[PDB]
Amino acid sequence: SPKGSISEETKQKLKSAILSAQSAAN
Amino acid sequence: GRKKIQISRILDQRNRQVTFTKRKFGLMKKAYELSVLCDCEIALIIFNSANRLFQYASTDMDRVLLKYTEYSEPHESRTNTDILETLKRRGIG
Amino acid sequence: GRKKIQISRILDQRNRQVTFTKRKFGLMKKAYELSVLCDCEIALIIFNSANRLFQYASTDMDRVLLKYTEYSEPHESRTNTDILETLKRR
DNA sequence: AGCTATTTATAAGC
DNA sequence: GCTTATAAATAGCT
């Protein structure tokens, strides 16, 4: 990551995991 | 420091911003040492009062967060409440 | 400590695991103080050598990471290389 | 941003 | 795990 930005694929997976309540962040 | 400070919001805007900048580096420095000394992967995400984003990752942020999405739950999860209580607890004996 | 330690992988498995447990708390403790003192929101994610996950969030992890997904890029991004250089010089 | 006095965080060790 | 001798971090100033 150039400026430290994460890819859209990673980003969307994080959001899905969290939203779909399938993340360790829940 | 010259004097012990209580852990509560710093009232003076100038001092709050100065403490932020230096303690932020202190935290990243310690995260770096922890990742090297114990061979672990670390990510740190900080949002200041103005919602500005500051981050640190021992390796690469993309890498660490991608890996995080792979876990269903953490082995350990802590929050300010938990840390406060652990501290309040040690205060007695 | 009684002696200054160099910043490199701790060879002894027992000592590495003990230092991990105490420095991990030390880091979270400092994250907590920073969040309260300066009114900021903080999330910490740690994977040990055995890929076990340890986390801390000043408020709620879900909350902080969701918010992170909203940003296109950070205002500041640091890595071990950056910290090492800042330490070497000055 | 550069300077010290204290408060904390710990490396060893039981 | 619980102590103690040292190394770090960092508060109040300039």
Side-chain angles (χ1 to χ4, degrees), chain B residues 1-40 42 44-46 48-50 52 54-56 58 75-76 78-93, chain C residues 1-46 48-50 52 54-58 75-76 78-90:
Chain B
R2 305 306 196 71
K3 182 182 172 189
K4 169 181 176 181
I5 61 172
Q6 301 307 297
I7 305 305
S8 44
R9 184 164 177 286
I10 292 175
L11 301 179
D12 181 58
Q13 178 177 167
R14 302 163 190 295
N15 295 340
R16 190 174 61 225
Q17 170 60 45
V18 163
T19 296
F20 178 72
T21 291
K22 64 171 56 173
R23 269 176 179 258
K24 171 161 66 66
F25 179 75
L27 185 63
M28 295 188 288
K29 176 173 175 185
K30 279 198 174 291
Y32 144 75
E33 300 186 340
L34 183 58
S35 71
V36 175
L37 290 164
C38 307
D39 192 41
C40 45
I42 306 174
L44 184 63
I45 296 180
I46 308 177
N48 73 10
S49 52
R52 193 166 290 186
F54 305 72
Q55 66 178 46
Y56 154 86
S58 57
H75 180 237
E76 176 178 296
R78 224 75 101 72
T79 191
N80 281 10
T81 302
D82 304 306
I83 294 171
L84 238 176
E85 317 229 78
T86 296
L87 291 186
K88 294 290 187 62
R89 226 175 174 182
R90 295 176 180 171
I92 294 70
Chain C
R2 303 307 195 70
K3 181 182 173 190
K4 169 181 176 182
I5 61 171
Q6 301 307 297
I7 305 304
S8 47
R9 186 162 174 287
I10 293 176
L11 302 179
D12 181 58
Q13 177 177 167
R14 302 162 190 295
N15 294 339
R16 189 173 61 224
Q17 170 60 44
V18 163
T19 297
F20 177 73
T21 291
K22 63 172 56 175
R23 270 176 179 256
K24 171 162 64 67
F25 180 75
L27 186 63
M28 295 189 289
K29 174 173 178 184
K30 279 198 174 291
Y32 144 76
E33 302 187 339
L34 182 57
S35 68
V36 175
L37 289 164
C38 306
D39 193 39
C40 47
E41 213 168 359
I42 305 175
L44 185 61
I45 297 182
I46 307 175
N48 72 11
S49 53
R52 194 165 290 185
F54 305 71
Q55 65 180 43
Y56 154 86
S58 56
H75 180 239
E76 176 177 294
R78 223 74 100 75
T79 190
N80 282 12
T81 299
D82 303 306
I83 294 169
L84 236 177
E85 320 242 55
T86 296
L87 290 185
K88 314 177 195 186
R89 119 229 182 185
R90 298 186 179 186

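Residue numbers begin at 1 in each chain, while the letters A, B, ... track the order of the sequences. Computed over heavy atoms, backbone and side chain alike; hydrogens, waters and symmetry mates excluded.
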Q) Does B:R16 offer a backbone N or O that forms a donor-acceptor pair with the side chain of B:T19 under 3.5 Å? A)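 No, because the side chain of B:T19 does not come within donor-acceptor range (under 3.5 Å) of the backbone of B:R16.
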Q: Examine distances only and state if a side-chain atom of B:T79 and a backbone atom of C:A57 form a donor-acceptor pair shorter than 3.5 Å.
A: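 Yes, B:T79 side chain to C:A57 backbone: donor-acceptor pair under 3.5 Å.
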Q) Can you check whether B:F20 reaches B:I46 side chain to side chain, under 4.5 Å on heavy atoms? A)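 A side-chain contact under 4.5 Å exists here.
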Q. Is there a side-chain contact between B:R78 and C:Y32, using heavy atoms and a 4.5 Å cut-off?
A.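 A side-chain contact under 4.5 Å is absent here.
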For the pair made of [atom1] in [X] and [atom2] in [N], what is the distance, rounded to whole Å?
X     : N      : atom1 : atom2 : value
C:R16 : D:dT10 : CZ    : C1'   : 19 Å
C:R14 : D:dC14 : CZ    : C1'   : 15 Å
B:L11 : E:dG12 : CG    : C1'   : 16 Å
C:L27 : D:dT8  : CG    : P     : 18 Å
C:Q6  : E:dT6  : CD    : P     : 18 Å
C:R90 : D:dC3  : CZ    : P     : 12 Å
B:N15 : E:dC13 : CG    : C1'   : 10 Å
B:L34 : D:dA11 : CG    : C1'   : 15 Å

Q) Reckon C:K3 has a side-chain N or O less than 4.0 Å from the OP1 or OP2 of D:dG13? A)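 No, no such contact exists.
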Q) With respect to the phosphate group of D:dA9, does any side-chain polar atom (N or O) of C:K29 fall under 4.0 Å of OP1 or OP2? A)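 True: C:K29 side-chain N/O within range (under 4.0 Å) of D:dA9 OP1/OP2.
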Q. Taking the side chain of B:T19 as its heavy atoms from C-beta onward, which of E:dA9, E:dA11, E:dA5 lies nearest to it?
A.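 Given the options E:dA9, E:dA11, E:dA5, the side chain of B:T19 is closest to E:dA11.
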Q) Per the atom types in the model, does the base of E:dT4 pair as donor or acceptor with the side chain of C:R2 at under 3.5 Å? A)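 Flag set: donor-acceptor pair detected.
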Q: Test for a donor-acceptor pair under 3.5 Å between the base of D:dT10 and the side chain of C:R23, counting only N and O atoms.
A: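 No, no donor-acceptor pair under 3.5 Å.
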**Q.** 5' priority, DNA chain D, between B:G1 and C:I5 [closest heavy atom]
**A.**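 The 5'-side residue here is B:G1.
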Q: For B:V18 and for C:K4, locate the closest nucleotide of DNA chain D by heavy-atom distance; then report the residue assigned to the nucleotide nearer the 5' terminus.
A: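 Between the two, 5'-proximity favours B:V18.
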(Q) Once you apply a heavy-atom cut-off of 4.0 Å, does C:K22 come out as touching a base, just sugar-phosphate, or nothing? (A)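 C:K22: base contact, heavy atoms under 4.0 Å.
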Q) Judged by modelled atom types alone, do B:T21 and B:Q17 share a side-chain donor-acceptor pair under 3.5 Å? A)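 Side-chain D/A pair, B:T21 to B:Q17: present.
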